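S.K.: Pasting an experimental structure, sequence included:
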Amino acid sequence: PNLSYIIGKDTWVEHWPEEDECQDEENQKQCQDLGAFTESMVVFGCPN
Amino acid sequence: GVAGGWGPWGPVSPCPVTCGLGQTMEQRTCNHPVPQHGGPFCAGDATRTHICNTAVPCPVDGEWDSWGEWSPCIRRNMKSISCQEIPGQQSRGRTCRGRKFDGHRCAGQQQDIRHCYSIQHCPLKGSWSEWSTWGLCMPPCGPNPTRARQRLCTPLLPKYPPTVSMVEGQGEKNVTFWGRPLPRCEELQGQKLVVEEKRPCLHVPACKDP
Amino acid sequence: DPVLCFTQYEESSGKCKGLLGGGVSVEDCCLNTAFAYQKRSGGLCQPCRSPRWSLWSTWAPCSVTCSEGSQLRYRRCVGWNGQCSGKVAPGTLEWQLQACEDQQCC
Ligand SMILES: *[C@@H]1O[C@H](CO[C@H]2O[C@@H](C)[C@@H](O)[C@@H](O)[C@@H]2O)[C@@H](O[C@@H]2O[C@H](CO)[C@@H](O)[C@H](O)[C@H]2NC(C)=O)[C@H](O)[C@H]1NC(C)=O
Ligand SMILES: *[C@@H]1O[C@@H](C)[C@@H](O)[C@@H](O[C@@H]2O[C@H](CO)[C@@H](O)[C@H](O)[C@H]2O)[C@@H]1O
Ligand SMILES: *[C@@H]1O[C@@H](C)[C@@H](O)[C@@H](O[C@@H]2O[C@H](CO)[C@@H](O)[C@H](O)[C@H]2O)[C@@H]1O
Ligand SMILES: *[C@H]1O[C@H](CO)[C@@H](O)[C@H](O)[C@@H]1O
Ligand SMILES: *[C@H]1O[C@H](CO)[C@@H](O)[C@H](O)[C@@H]1O
Ligand SMILES: *[C@H]1O[C@H](CO)[C@@H](O)[C@H](O)[C@@H]1O
Ligand SMILES: *[C@H]1O[C@H](CO)[C@@H](O)[C@H](O)[C@@H]1O
Ligand SMILES: *[C@H]1O[C@H](CO)[C@@H](O)[C@H](O)[C@@H]1O
Ligand SMILES: *[C@H]1O[C@H](CO)[C@@H](O)[C@H](O)[C@@H]1O
Ligand SMILES: *[C@H]1O[C@H](CO)[C@@H](O)[C@H](O)[C@@H]1O
Ligand SMILES: *[C@H]1O[C@H](CO)[C@@H](O)[C@H](O)[C@@H]1O
Ligand SMILES: *[C@H]1O[C@H](CO)[C@@H](O)[C@H](O)[C@@H]1O
Ligand SMILES: [Mg+2]
């Protein structure tokens, strides 16, 4: 159970603001788009 | 038969609020004379109230606006799924308005997605609907209000599977038709789309102040 | 111009509830947008919050006790600093007229 995830050149990370942080007009759209990617991947998967 | 009277006014209370307007109050007692064996009752009020103004602005919580218009019903990495048995999705957005002065932010999902078929501009058959319920007498308060009911060419929606079951977490999503179809129907009264009729409303009351 | 400052707006009836006192400006009273103000006790109680439509009033009695008639119900835009839906200023009225029928035959 000692697995550890190393941050490397293949890893990608971006902050997801909390609910109250989402109300800024530019972070509004980020919480919009980060939420669409959430529902998109799980239900439709990939055509690849 | 002793006549009572008011005593000295006590210390005034500080302004209990740090913003906008508040209320301070002064308090007195009828303790020095005191009505004995009857008499009166000090005559007046033993509590004065006063408004205090901090002259500094204060909050209000933002409210959700009405949901916008549904996006076009599309499928990822596919072209138009119109007039086809291909269930897609569409999104909708809200806007938080009215939040001022460090007020509480809007609570809830500002985006909404649901599954859909696409009948945008799809040629389909139709049948005349029955007479709709009589609308409101318009214009109210205006000269000669009239109601209006109508029959319209209702499209025959295709019998597609209303529910598509996906796995992952075993999620089943309702599918709703989207789009403005082209309902085909025989002419009724020289009209193909909608035929209505108006009737004046009888004994109209005047609009006055409540 | 000074005005009577109330601490609460009922909205259910459009009344000014909880009198805080008088002799204060409107800008100071509505610093707390939850308050309300009216001129003397004549009426027309306006809250200090964003203007929003009240509830539709009960239908007025049918204009005739015989055959088809007409009945009204009102709705008042109440608030401060802003407008209701439809470019409506606080205090304006909106009416719905519906055909009523107390007795179907005279
Ligand atoms: C999606 O549908 C479900 C299931 O309820 C409806 O499903 C249709 C396929 C059809 O059979 C219809 O008659 C049925 O009502 C909705 O969940 C709730 O289900 C109960 C059980 O029938 C209904 O009584 C409720 O009206 C219904 N809606 C509620 C509780 O809001 C579901 O709401 C609907 N929409 C979404 C987004 O899931
Ligand atoms: C004092 O400092 C001010 C800068 C505000 O932060 C005030 O907050 C407000 O206080 C009143 C009641 O005291 C409430 O009506 C407001 O909702 C609240 O934001 C603070 O008290
Ligand atoms: C309500 O009750 C009805 C039964 C009538 O008595 C109404 O009075 C008026 O009667 C004349 C006929 O005599 C009708 O033409 C009127 O429509 C009706 O208003 C009464 O108001
Ligand atoms: C108290 O109030 C006033 C004076 O403050 C008078 O009506 C009277 O003196 C009473 O005792
Ligand atoms: C309080 O009010 C005034 C003084 O401010 C007087 O009527 C009297 O002193 C009373 O106690
Ligand atoms: C959008 O969705 C429904 C109306 O379709 C309601 O929950 C509400 O009006 C929201 O703004
Ligand atoms: C999206 O869905 C329908 C239109 O297809 C309506 O309920 C409304 O326009 C909503 O925005
Ligand atoms: C409507 O009118 C008649 C039925 O009343 C038919 O010609 C046809 O159903 C049309 O849709
Ligand atoms: C409207 O008119 C009559 C009922 O009043 C019927 O022919 C039918 O219900 C139509 O929709
Ligand atoms: C309007 O007129 C009456 C109700 O007043 C009914 O025949 C029906 O509801 C129609 O829509
Ligand atoms: C009157 O109309 C409906 C209820 O009949 C709602 O939109 C709201 O209550 C309004 O005051
Ligand atoms: C008017 O119409 C009926 C009563 O006639 C009810 O739905 C309600 O009282 C409304 O105000
Ligand atoms: Mg493959």
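M.R.: Looks like it came in fine. Residues are numbered from 1 along each chain as shown, chains lettered A, B, ... in the order given. Ligands and ions are numbered 1, 2, ... in the order given.

S.K.: Next one: stretch B:186-193, is it in contact with ligand 8?
M.R.: Yes. Stretch B:186-193 is in contact with ligand 8 by Cβ under 6 Å from any ligand atom, via B:186, B:188. (Each C-beta comes from the backbone N, C-alpha and C, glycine too.)

S.K.: For the closest residue in space to residue B:51 that isn't next to it in sequence, name its beta-bridge partners.
M.R.: Nearest residue to residue B:51 in three dimensions, chain neighbours excluded: residue C:21, at 4.4 Å (Cβ to Cβ, 6 or more residues apart in numbering or on different chains). On the basis of DSSP bridges, residue C:21 is bridged to residue C:5.

S.K.: Excluding covalently adjacent residues, which one is nearest to whatever residue of chain A ends up closest to ligand 3?
M.R.: Taking Cβ to the nearest ligand atom, ligand 3 has its nearest neighbour within chain A at residue A:23, 58.1 Å off. Sequence neighbours aside, residue B:105 is the residue nearest to residue A:23 in space, at 4.4 Å (criterion: Cβ to Cβ, 6+ apart).

S.K.: Residue B:44 versus the residue nearest to residue B:51, what's the distance?
M.R.: Distance of residue C:21 to residue B:44, computed by Cβ to Cβ, to the nearest Å: 18 Å.

S.K.: When these two are compared, which one has more neighbours?
M.R.: residue C:21 (16 against 10; other Cβ atoms under 10 Å in any protein chain shown).

S.K.: need the contact list for the more buried one.
M.R.: B:23, B:49-51, C:4-5 (Cβ atoms under 8 Å, 6 or more residues apart in numbering or on different chains).

S.K.: Mind picking the two most distant members of the residues you listed?
M.R.: Distance extremes for these: the farthest pair is B:50 and C:4 at 14.5 Å, using Cβ to Cβ.

S.K.: These two: who's more crowded?
M.R.: Set side by side, residue B:50 and residue C:4 show more neighbours around residue C:4, with 19 against 14, by other Cβ under 10 Å.

S.K.: isn't that one right up against residue C:42?
M.R.: No. Residue C:4 sits out of contact with residue C:42 when judged by Cβ atoms under 8 Å, with a separation of 10.2 Å.
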